[PDB]
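Below is one structure; the comments refer to it alone.
Spelled out as C-alpha coordinates, the structure:
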(Lines of atoms letter the chains of each structure in order from A; the text may use other names.)
(Lines give C-alpha, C1' and ligand atoms only; values in the text may rest on other atoms or scores of the structure.)
Protein backbone atom coordinates (compact mmCIF):
# COMPACT_ATOMS: atom_id res chain seq x y z
CA UNK A 18 0.00 0.00 0.00
CA UNK A 19 1.47 3.31 -1.16
CA UNK A 20 -0.68 5.33 1.24
CA UNK A 21 -1.41 2.42 3.57
CA UNK A 22 0.79 3.97 6.25
CA UNK A 23 -1.73 6.81 6.49
CA UNK A 24 -4.72 4.47 6.50
CA UNK A 25 -3.19 2.53 9.39
CA UNK A 26 -3.49 5.73 11.42
CA UNK A 27 -7.28 5.56 11.13
CA UNK A 28 -7.64 3.22 14.13
CA UNK A 29 -4.71 4.89 15.89
CA UNK A 30 -6.89 7.95 16.48
CA UNK A 31 -9.98 5.87 17.18
CA UNK A 32 -8.35 4.60 20.37
CA UNK A 33 -9.07 8.02 21.88
CA UNK A 34 -12.52 8.19 20.30
CA UNK A 35 -13.57 4.93 21.96
CA UNK A 36 -13.13 6.46 25.41
CA UNK A 37 -9.89 4.74 26.39
CA UNK A 38 -7.98 7.56 28.09
CA UNK A 39 -7.64 9.58 31.29
CA UNK A 40 -8.68 13.01 30.01
CA UNK A 41 -11.71 15.29 29.76
CA UNK A 42 -14.17 15.50 26.86
CA UNK A 43 -12.46 18.67 25.68
CA UNK A 44 -9.24 16.76 25.04
CA UNK A 45 -10.70 14.00 22.87
CA UNK A 46 -12.18 16.80 20.76
CA UNK A 47 -8.67 17.22 19.34
CA UNK A 48 -8.44 13.55 18.38
CA UNK A 49 -11.86 13.25 16.75
CA UNK A 50 -10.87 16.25 14.63
CA UNK A 51 -7.62 14.72 13.39
CA UNK A 52 -9.26 11.43 12.41
CA UNK A 53 -12.06 13.41 10.76
CA UNK A 54 -9.51 14.74 8.27
CA UNK A 55 -7.55 11.54 7.65
CA UNK A 56 -10.89 9.77 7.20
CA UNK A 57 -11.62 11.87 4.11
CA UNK A 58 -8.03 12.41 2.99
CA UNK A 59 -7.14 8.71 3.07
CA UNK A 60 -10.41 7.63 1.46
CA UNK A 61 -9.65 10.25 -1.19
CA UNK A 62 -6.59 8.36 -2.41
CA UNK A 63 -9.00 5.52 -3.19
CA UNK A 64 -11.32 7.62 -5.35
CA UNK A 65 -8.64 9.79 -6.95
CA UNK A 66 -6.36 6.77 -7.16
CA UNK A 67 -8.53 5.60 -10.05
CA UNK A 68 -6.65 8.01 -12.32
CA UNK A 69 -3.11 7.29 -13.59
CA UNK A 70 0.08 8.93 -12.27
CA UNK A 71 0.11 11.07 -15.41
CA UNK A 72 -2.67 13.23 -13.99
CA UNK A 73 -0.62 13.96 -10.86
CA UNK A 74 1.59 17.05 -10.93
CA UNK A 75 4.57 18.34 -8.94
CA UNK A 76 2.08 19.84 -6.50
CA UNK A 77 -0.16 16.78 -6.23
CA UNK A 78 2.83 14.85 -4.87
CA UNK A 79 3.02 17.37 -2.01
CA UNK A 80 -0.70 17.08 -1.28
CA UNK A 81 -0.31 13.44 -0.25
CA UNK A 82 3.07 13.99 1.40
CA UNK A 83 1.61 16.66 3.69
CA UNK A 84 -0.92 14.05 4.82
CA UNK A 85 1.76 11.43 5.48
CA UNK A 86 3.97 13.75 7.54
CA UNK A 87 0.91 14.60 9.64
CA UNK A 88 1.18 11.06 11.01
CA UNK A 89 4.00 12.40 13.18
CA UNK A 90 1.52 14.64 14.99
CA UNK A 91 -0.90 11.77 15.55
CA UNK A 92 1.70 10.31 17.90
CA UNK A 93 0.79 13.07 20.36
CA UNK A 94 -2.80 11.81 20.32
CA UNK A 95 -1.89 8.64 22.23
CA UNK A 96 1.04 10.32 23.97
CA UNK A 97 -1.47 12.47 25.84
CA UNK A 98 -2.25 9.33 27.85
CA UNK A 99 1.28 9.07 29.25
CA UNK A 100 1.57 12.84 29.62
CA UNK A 101 -1.00 12.49 32.40
CA UNK A 102 1.00 10.28 34.77
CA UNK A 103 3.97 12.49 33.90
CA UNK A 104 2.27 15.17 35.97
CA UNK A 105 1.96 17.60 33.07
CA UNK A 106 -1.48 19.09 32.38
CA UNK A 107 -3.34 19.80 29.11
CA UNK A 108 -2.98 23.28 27.64
CA UNK A 109 -4.55 24.84 24.54
CA UNK A 110 -1.33 26.80 24.05
CA UNK A 111 1.22 24.03 24.61
CA UNK A 112 -0.98 21.61 22.67
CA UNK A 113 -0.19 23.74 19.63
CA UNK A 114 -3.69 23.18 18.29
CA UNK A 115 -3.10 26.28 16.16
CA UNK A 116 -0.54 24.28 14.21
CA UNK A 117 -2.74 21.22 13.74
CA UNK A 118 -5.91 23.09 12.78
CA UNK A 119 -3.89 25.28 10.41
CA UNK A 120 -2.04 22.30 8.95
CA UNK A 121 -5.31 20.45 8.34
CA UNK A 122 -7.39 23.33 6.97
CA UNK A 123 -4.62 23.89 4.43
CA UNK A 124 -4.95 20.33 3.12
CA UNK A 125 -8.74 20.29 3.42
CA UNK A 126 -9.05 23.51 1.41
CA UNK A 127 -7.43 21.54 -1.42
CA UNK A 128 -9.84 18.61 -1.16
CA UNK A 129 -12.88 20.90 -1.15
CA UNK A 130 -12.10 21.57 -4.81
CA UNK A 131 -12.79 17.89 -5.47
CA UNK A 132 -16.00 17.18 -3.56
CA UNK A 133 -16.19 20.11 -1.15
CA UNK A 134 -14.98 18.55 2.09
CA UNK A 135 -16.31 20.93 4.74
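Numbering (our numbering), first residue to last: 18 to 135. Every residue, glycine too, gets a C-beta built ideally from N, C-alpha and C.
Considering only their Cβ atoms, is the gap separating residue 95 from residue 117 smaller than 8 Å?
No, Cβ-Cβ distance for residue 117 and residue 95 is not below 8 Å.
Buried or exposed (CB count within 10 angstroms, at least 16 for buried), residue 23:
With at least 16 other beta carbons inside 10 angstroms of its own, residue 23 counts as buried.
Do residue 57 and residue 128 come within 8 Å of each other at the CB atom, strictly closer than that value?
At a Cβ-Cβ threshold of 8 Å, residue 128 and residue 57 count as neighbours.
Out of 54, 45, 34 and 27, state which residue places its alpha-carbon closest to the alpha-carbon of residue 125.
54
Could you give the residue range of the alpha helix (DSSP H) that holds residue 27?
26-34
So the alpha helix (DSSP H) residue 39 belongs to, where does it begin and stop?
No alpha helix (DSSP H) contains residue 39, which DSSP labels as neither H nor E.
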